[PDB]
Amino acid sequence: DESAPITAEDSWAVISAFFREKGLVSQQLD
Amino acid sequence: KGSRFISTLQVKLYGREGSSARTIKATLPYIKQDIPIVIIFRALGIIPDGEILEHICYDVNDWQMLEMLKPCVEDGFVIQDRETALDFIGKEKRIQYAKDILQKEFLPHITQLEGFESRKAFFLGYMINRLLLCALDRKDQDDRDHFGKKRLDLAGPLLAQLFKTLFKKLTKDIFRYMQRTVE
Amino acid sequence: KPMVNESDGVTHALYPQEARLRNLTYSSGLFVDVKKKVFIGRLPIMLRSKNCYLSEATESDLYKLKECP
Amino acid sequence: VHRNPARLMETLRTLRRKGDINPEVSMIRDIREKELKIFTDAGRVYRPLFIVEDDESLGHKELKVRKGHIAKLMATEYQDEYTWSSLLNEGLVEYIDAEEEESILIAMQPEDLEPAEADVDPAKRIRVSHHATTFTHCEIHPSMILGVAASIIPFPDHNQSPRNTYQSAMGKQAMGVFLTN
Amino acid sequence: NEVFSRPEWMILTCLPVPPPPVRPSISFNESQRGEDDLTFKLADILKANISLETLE
Amino acid sequence: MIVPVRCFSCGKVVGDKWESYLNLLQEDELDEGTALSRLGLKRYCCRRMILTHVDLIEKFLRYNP
Amino acid sequence: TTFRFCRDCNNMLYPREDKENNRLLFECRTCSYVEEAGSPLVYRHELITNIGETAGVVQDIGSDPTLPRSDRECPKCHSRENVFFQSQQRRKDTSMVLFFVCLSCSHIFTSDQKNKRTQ
Amino acid sequence: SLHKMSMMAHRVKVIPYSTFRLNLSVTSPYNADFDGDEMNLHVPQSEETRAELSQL
Amino acid sequence: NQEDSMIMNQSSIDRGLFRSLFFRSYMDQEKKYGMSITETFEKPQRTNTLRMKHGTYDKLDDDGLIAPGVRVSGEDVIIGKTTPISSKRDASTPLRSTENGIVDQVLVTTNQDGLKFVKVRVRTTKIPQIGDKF
Amino acid sequence: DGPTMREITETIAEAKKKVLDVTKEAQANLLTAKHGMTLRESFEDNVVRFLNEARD
Amino acid sequence: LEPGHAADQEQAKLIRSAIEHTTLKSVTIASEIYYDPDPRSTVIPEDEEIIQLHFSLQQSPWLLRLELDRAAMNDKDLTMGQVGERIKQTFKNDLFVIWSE
Amino acid sequence: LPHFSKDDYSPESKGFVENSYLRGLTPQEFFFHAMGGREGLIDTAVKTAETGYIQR
RNA sequence: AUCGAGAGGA
DNA sequence: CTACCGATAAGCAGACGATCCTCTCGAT
DNA sequence: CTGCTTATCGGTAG
Ligand SMILES: [Mg+2]
Ligand SMILES: [Mg+2]
Ligand SMILES: [Zn+2]
Ligand SMILES: [Zn+2]
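The residue numbering used throughout counts from 1 along each chain in the order its sequence is written. It may not match the entry numbering, and residues with no coordinates are not shown. Whichever chain is written first becomes A and whichever ligand is written first becomes 1, with later ones labelled in order. Readers should keep in mind that the chains presented make up only part of a larger assembly and that every value pertains to that part. Hydrogen atoms and water are omitted, and side-chain values are computed over all heavy atoms in the structure.

- What the PDB record gives as the title of this entry is "RNA POLYMERASE II STRAND SEPARATED ELONGATION COMPLEX, MISMATCHED NUCLEOTIDE".
- UniProt positions are given in the numbering used here, feature names are shortened, and annotations may be inferred rather than shown by experiment. On record in UniProt, under Subunit, the comment for chain G is "Component of the RNA polymerase II (Pol II) complex consisting of 12 subunits."
- Here chain G is described in UniProt, under the heading Subcellular location, as follows: "Nucleus, Nucleolus".

- What the UniProt record of chain F gives under Subcellular location is the line "Nucleus, Nucleolus".

Remarks on the interface of chain G and chain D
Piece 1. Whether two residues touch is decided by their heavy atoms; if any such pair falls within 4.5 Å, the residues are in contact. With ten residues of chain G in contact, the opposing surface of chain D contributes nine residues.
Piece 2. When the area that chain G buries against chain D is broken down by residue, the three leading residues are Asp-60, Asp-64 and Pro-65 of chain G, summing to 47%.
Piece 3. Here a salt bridge means any side-chain nitrogen of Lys or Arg lying within 4 Å of a carboxyl oxygen belonging to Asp or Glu. At the junction of chain G with chain D, the criterion picks out zero salt bridges.
Piece 4. Definition of a polar contact: a pair of N or O atoms within 3.5 Å, with one able to donate and the other able to accept a hydrogen when the atoms are protein atoms, and with sequence-neighbouring residues admitted only if both atoms are side-chain atoms. If you look at where chain G meets chain D, you find zero residue pairs in polar contact.
Piece 5. Tallied by class, residues from the side of chain G that touches chain D come to five nonpolar, three polar and two charged. A simple way to read buried area is as the amount of 1.4 Å-probe accessible surface that goes missing from two parts once joined, with both sides added. Each residue gets one of three labels, nonpolar for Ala, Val, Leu, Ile, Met, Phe, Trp, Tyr, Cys and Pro, charged for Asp, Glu, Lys and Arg, and polar for the others, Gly among them.

Observations regarding the UniProt feature "binding site: Zn(2+) 2" in chain G
Residues and elements named next belong to chain G.
Piece 1. Residues annotated by UniProt as "binding site: Zn(2+) 2" correspond here to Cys-74, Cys-77, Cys-102 and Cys-105. The named residues occupy 32 residues along the chain; their greatest pairwise C-alpha distance, 8.5 Å, places them in one compact cluster.
Piece 2. Think of it this way: any DSSP run of H or I at least four residues long counts as a helix, any run of E at least two long counts as a strand, and we number them from the N terminus. With respect to the secondary-structure elements, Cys-102 resides in the loop between β5 (98-101) and β6 (108-110).
Piece 3. Residues contacting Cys-102, with those up to four places away along its chain left out, are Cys-74, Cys-77, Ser-79, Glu-81, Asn-82, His-107 and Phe-109.
Piece 4. For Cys-105, the location among the structural elements is in the loop between β5 and β6.

Things to note about the protein's contact with DNA strand N
Piece 1. Residues in contact with DNA strand N, as listed here, are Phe-28 and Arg-33 of chain E, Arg-24 and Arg-96 of chain I together with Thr-48, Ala-49 and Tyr-53 of chain L.
Piece 2. Within 4 Å of the protein, the contacting atoms of DNA strand N are drawn from sugar and phosphate to the extent of 42%.
Piece 3. With three residues, the top contributor of residues to the surface near DNA strand N is helix α2 (residues 27-54) of chain L.
Piece 4. Of the residues assigned to the surface near DNA strand N, the class counts are three nonpolar, one polar and three charged. Nearness here has a simple test: a residue counts as near a molecule or strand if at least one of its heavy atoms is within 4 Å of that partner.

A word on the sheet that holds strand β3 (residues 34-36) of chain B
Residues and elements named next belong to chain B.
Piece 1. By this definition, two strands are paired if DSSP reports at least two bridges between them. Here three strands make up an open sheet; going across it, the order is β1-β2-β3 and the pairing antiparallel. Two strands lie at the open edges of the sheet, namely β1 (11-12) and β3, each paired on one side alone.
Piece 2. Where β1 lies against strand β2 (residues 25-27), two bridges are found, and the strand directions are antiparallel. Each residue of the ladder has a partner; that of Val-11, found in β2, is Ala-26.

A short note on the environment of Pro-39 of chain K
Piece 1. Locating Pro-39 of chain K in the fold gives a position in the loop between β1 (28-32) and α2 (49-52).
Piece 2. Those residues in contact with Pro-39 of chain K that lie beyond four places of it in its chain are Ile-51 and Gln-59 of chain K.

Observations regarding the UniProt feature "binding site: Zn(2+)" in chain F
Piece 1. Here, UniProt's "binding site: Zn(2+)" annotation points to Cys-7, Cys-10, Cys-45 and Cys-46 of chain F. The largest pairwise C-alpha distance within this set of annotated residues, which runs over 40 residues, is 7.0 Å, so the set is compact in three dimensions.
Piece 2. Considering the arrangement of structural elements, one finds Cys-7 of chain F in the segment before α1 (18-26).
Piece 3. In this scheme, a residue with accessible area under 20% of its type's maximum is buried, one over 50% is exposed, and one in between is partly exposed, where area comes from a 1.4 Å probe on protein chains only. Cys-7 of chain F sits in the buried class, given a relative accessible area of 0%.
Piece 4. In this structure, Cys-7 of chain F is in contact with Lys-12, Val-14, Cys-45, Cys-46 and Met-49 of chain F together with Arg-15 of chain I, ignoring residues within four places of it in sequence.
Piece 5. Its place among the elements puts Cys-46 of chain F in helix α3 (residues 44-52).

Some thoughts on the coordination of the zinc ion (ligand 3)
Piece 1. Protein coordination at the zinc ion (ligand 3) comes from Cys-7 of chain F (SG), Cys-10 of chain F (SG), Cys-45 of chain F (SG), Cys-46 of chain F (N) and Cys-46 of chain F (SG), with a distance range of 1.6 to 2.6 Å.
Piece 2. Counting along the primary sequence, the residues that act as donors to the zinc ion (ligand 3) give the motif C-x2-C-x34-C-C. Keep in mind that water is not among the atoms, so a site may look incomplete; donors are the N, O and S atoms within 2.8 Å of the metal, or 3.2 Å for Na, K and Ca.

Remarks on empty space enclosed by the protein
Rolled over the atoms, a probe sized like a water molecule indicates the empty space that remains.
Piece 1. With a 1 Å grid spanning the protein atoms alone, the term cavity applies to any set of points in which a 1.4 Å probe fits but cannot get out, the term pocket to an open set with protein on both sides within 12 Å along at least five of seven lines, and the term lining residue to any residue with an atom within 4 Å of a point. Grid points are joined across faces, edges and corners, and a volume is the space filled by probe spheres set on the points. Estimates place the volume of the largest cavity at around 50 Å³.
Piece 2. Of the residues that constitute the lining of the largest cavity, the class distribution is seven nonpolar, one polar and no charged.

So, the coordination of the magnesium ion (ligand 2)
Piece 1. Every protein donor of the magnesium ion (ligand 2) is accounted for by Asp-33 of chain H (OD), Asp-35 of chain H (OD) and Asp-4 of chain I (OD), and the metal-donor separations fall at 2.4 to 2.5 Å.
Piece 2. Between the magnesium ion (ligand 2) and the magnesium ion (ligand 1) the interatomic distance amounts to 4.3 Å, and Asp-33 of chain H serves as a bridging ligand to the pair. Separated into two different chains, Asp-33 of chain H in the loop between α1 (27-30) and α2 (47-55) and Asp-4 of chain I in the segment before α1 (10-14) make up a pair that spans both.
Piece 3. The partly exposed category is assigned to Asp-33 of chain H, whose relative accessible area is 27%.
Piece 4. Here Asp-4 of chain I falls in the partly exposed class, since its relative accessible area comes to 48%.

Concerning the arrangement of the chains
Piece 1. Contacts between protein chains span 23 pairs of chains, and they are most numerous for chains D and L.
Piece 2. In this structure chain H stays clear of chain J, and the shortest span between their C-alpha atoms is 31 Å.

Quick word on the packing of aromatic side chains
Centre-to-centre distance and the angle between the planes together describe a pair of aromatic rings.
Piece 1. Between rings of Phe, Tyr and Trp, where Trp is taken as its six-membered ring, a pair exists when centres lie within 6.5 Å; planes separated by under 30 degrees are stacked, by over 60 edge-to-face, and by other angles tilted. Applying the stated criterion across every chain yields a total of 17 aromatic pairs over all chains.
Piece 2. An aromatic cluster is defined as three or more aromatic residues linked by ring pairs; in this entry it consists of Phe-18 and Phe-19 of chain A together with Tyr-46, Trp-84 and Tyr-95 of chain D.
Piece 3. Seen from the ring of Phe-39 of chain D, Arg-151 of chain B lies directly overhead, with NZ or CZ sitting 5.7 Å from the centre.
Piece 4. Note that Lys-72 of chain D overlies the ring of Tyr-82 of chain D, its terminal NZ or CZ placed 4.0 Å from the centroid. Ring-over charges, as used throughout, are those where CZ of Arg or NZ of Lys falls within 6 Å of the ring centre and within 35 degrees of the ring normal.

Let's talk about the side chain of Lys-120 of chain B
Residue and element names in this part refer to chain B.
Piece 1. Mapping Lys-120 onto the fold places it in helix α6 (residues 118-133).
Piece 2. By the counting rule applied here, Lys and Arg register as positive and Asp and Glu as negative, while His and the ends of each chain are not counted. Of the buried charged residues, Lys-120 lacks a salt bridge, with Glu-117 as the closest side chain of opposite charge at 7.0 Å.
Piece 3. Side-chain polar atoms of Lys-120 contact the backbone oxygen of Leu-102, separated by 3.5 Å.
Piece 4. Among residues more than four places away in sequence, those in contact with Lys-120 are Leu-44, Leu-102, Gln-103, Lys-104, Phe-106, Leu-107, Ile-110 and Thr-111.

Quick word on the nonpolar core
Piece 1. Membership of the largest hydrophobic core comes to 49 residues, with the highest contact counts inside it found for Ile-24, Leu-102, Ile-128 and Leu-132 of chain B.
Piece 2. Secondary structure elements with two or more residues in this core: α1 (37-43), α2 (51-56), α3 (63-76), α4 (82-88), α5 (93-104) and α6 of chain B together with β1 (13-18) and β2 (23-28) of chain G.
Piece 3. For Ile-128 of chain B, the residues in contact, after removing those within four places along its chain, are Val-11, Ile-24, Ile-37 and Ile-56 of chain B.
Piece 4. Residues enter a nonpolar core if they are buried and are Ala, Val, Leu, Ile, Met, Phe, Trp, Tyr or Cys, with the set joined through side-chain atoms within 4.5 Å. One finds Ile-6 and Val-14 of chain A together with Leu-49 and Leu-63 of chain D within the second-largest nonpolar core, a separate group that totals 28 residues.

Here's the deal with the pattern of salt bridges
Opposite charge on two side chains lets them pair, provided their charged atoms get close.
Piece 1. By the definition in use, this model includes 56 salt bridges over all chains.
Piece 2. Salt-bridge contacts for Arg-130 of chain B lead to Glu-35 of chain D; the nearest nitrogen and oxygen are separated by 3.7 Å. Residue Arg-130 of chain B is found in helix α6, and its partner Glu-35 of chain D is found in strand β2 (residues 35-39); the two belong to separate chains.
Piece 3. Judged by its relative accessible area of 25%, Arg-130 of chain B is partly exposed.
Piece 4. The salt bridge partner of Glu-94 of chain D is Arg-17 of chain D, with a shortest N-O separation of 3.2 Å.

Some details on the interface of chain D and chain L
Piece 1. Each partner contributes residues to the interface: chain D has 27 residues there, and chain L has 22 residues.
Piece 2. For the chain D face of the interface with chain L, the top three residues by lost area are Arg-125, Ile-126 and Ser-161 of chain D, together amounting to 23%.
Piece 3. Where chain D packs against chain L, one counts one salt bridge.
Piece 4. Here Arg-32 of chain D and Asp-7 of chain L are joined by a salt bridge, their closest N and O atoms 3.8 Å apart.
Piece 5. Seen at the junction of chain D and chain L, the total is eight residue pairs in polar contact.
Piece 6. Examining the composition of the side of chain D that touches chain L, we find that five residues originate from one element, helix α6 (residues 161-170) of chain D, more than from any other.
Piece 7. Class assignment for the residues of the side of chain D that touches chain L results in 14 nonpolar, six polar and seven charged.

Dropping the structure here:
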């Protein structure tokens, strides 16, 4: 159900998300 | 954007608690010694005892502070002008000298161009205003260990400070097969 | 994209994995278009940067260039 | 200088978070010393961090993010077009540094940090309260305060503080596979 | 001390020279060369010292 | 880097059980836990052996020559 | 000590003496402008200060979220909305006291039962 | 080496494997532990010397 | 297993725990600014020069490079090269004083300048022994 | 012991209330300073004391 | 302590405050300067008493006026006069000098 | 930290870990507890020298 | 082998 | 009343740092 | 978290 809030668990996806898009060394490339 | 020329301005509050009359001075690039502010303020055009305090104290119920500056004012109605503030700093050869330093190395960010004098007065007010907030204990010492007022220099920026340093060489060894070409 | 000029020779394409073996430098060429097209040095390349050919590279493409993914 | 710097930030903020001013840039309004600092410098560190604005209709202060988004972002897990970055831009998430952290209120878990106030399995640890109603961005997950090496320790909370720091110099002296090739 | 130490001594005249043992050589080498740092400053010196036997 | 033949702690051959086990998982749609028990592993020195063996070789065949 | 500068040169003026009709006499070494006394007051010190307690109190105050919030009344304005914090002077020797600023009459009020105050 | 104790004569025992081996209870004075600490030995060369060590 | 030692199932080592690999490589090039002084990989003997190493050479073929499955150990010469000064000065790298293993792989290439280049790895398996850390 | 974790706990719990109180006391100009120390030093000192004693 | 003077839980105090260094400043709230040229009377309401009263068992117009805290006056083994006669003895005759009781 | 209101002198806030190495610490506990011996770690590698100079 | 920079073990 | 000498106070500058250890990179 | 040097001031002698 779309609107509704999140829970803890769910944040690991968000992390996931970051990391795929930057990886472990961004800082150096960037 | 544009060098690494490093350029340290200080505003010291000479005078300990009570020790006579707490005068303010400051410091500058290629210089002999210090300077009461009042001058320098005179020197950026800012002249009237008080058209300065505005530059520094920002509200007029603050006597306390005000007063705190009262003895600086005094260190200069030995100088009531713009050209003799420039003065204080070694004629026409040395006034230049100072309308320099107060564009060329007295607070360089801001700018180094011509006219950008009050831009700085003001700042130097600022400075001074935190310099007194902090001696009147209404504000706290500045923390030297806030990650926030530090950076990291990554590879970029470093490749970068050599690159300018050699690109500076090829650059001018060449102002030399060139001097020796004539042809 | 990085190259390299072996004495008495062509300009090779340069591959990280290769330089690592022969002590060469994954670095690339420096060209400026100076007024009145011209090179003045090379410039060591940050692997997996915008030039490093490994920046666009597929998995399978890596192993291929012998490079851990 | 600026009068009504309020109506300005807002604006600022909608603009970094819409994407029209860079998301790097930091953007600090101190209220009470009446500065407003804007910093674009380079070398500053910064991050997590997700966002909160009361931005709710049917009740109270919330996270903007939502099972909605999260769930399209997962979306993009089994398809292996929702990227972190689009979180950035649809504003769920912001980057903070140091300086700017000073003027917020972060929440920890976001859960059991803002569902309203209404037994205790005696073995759970002891959390504090909720005391705060202000939040403006809630932490992504606490574990990230850690870095590459400790992130590897089974449980370091139950664990004395320098020890953990020693395993973290050792972890790097472990043997194994450094690279497929 | 009259015999062992004397202000004039305290200043230089004539400077010993230390033989090899104290400061040798070699290198990667052979046929090329070479040396410690007294041998090189132990020149700088017999260096400008001949610039001055050549003014006078 | 390949399953091991025999569990460290204990003795028992296992190496002959790797493929069998990816097969119960992947294919009769089962929890490693079962699988395991079902391939005969009952001690956890021995469970441990398989639940980890991590098959990096699968990746170094990935390079060519 | 609120003093005062010349009109005519915006500078600073100083003080002498009405010898002669006994009274006070401030005055510029900028022009010759002159004034009758504000008040005889002329120098204040304070070493124990209350002039920094409230500090930046500012309509915006109410939104700054670092500011904790209490359960009180303000006494003119009746609400439960405020926001408090310890005296801003950053003296070592200072009152662990609170100050509140109500939210709807920007009213400022205190935690303290001994010391008397107006600010 | 802060004490006499960090020094001290022993009595040799050759054995297989490659670690100096010691007694726990000679631990403090050296203040070793065994997750790594490493330790040196020296060997006297004169019949005296030897005395010196076994005696003193 | 005291004062933080620990005790290890030697049977389970044997079955494989905790083992590793262990390779190392060694390296080599020819000459500096010679027009007439150029090192040369070879497998040496004397020639008028005769400092040459105390250890053995007989594992190197002509090229002056061991071969792969050969086991080296001790002070063995792994790479023969010589450097001719006026003449045949040995100059040649042996396996570490302490180390023993096996050749794994050997490489031959070259540098920017057309230079001869060589890198020899040796490999050894190391097993949990007594004094090791964990 | 289960009912020790219930004592233990509450045990910290009454020190939470003393810190509190003293804090409240203090905020009220009430709290008294300790010959030669800042009244703020005495608030700190009381608390730190109250909780070490709790840990204890 | 002295030998029998061992627990004059009181005799300790003296010592304290027999020893314990201690500036004007420590007690002084605020220090000020009015032009009150009129010896015989003040400008300031708050001072008026303090005027009927200095003559029972020259001067300038410029009054230095220190205020004292209620406090340090309790914390310290403390007396106006004490203050006073302190102030007066430093200076003897070169300053003229008075207080509230 | 910034998860905390300002002007807060309460316990939590001020580095009072309340749980045990067993049930476990929370975020702030951890982080605080981390300033713990970094201080420690530090002076240690600092005792260690002050010390060994003494000793010399 | 000298020499200078960093990394690591107690 | 002046000058010289002596004493006291303030301001400015200098050298040390755990032991022992293995190893890696680079250069006239 | 100082020992040494320089400068300034109060004292004594001429
Ligand atoms: Mg140890
Ligand atoms: Mg140990
Ligand atoms: Zn088993
Ligand atoms: Zn005027």
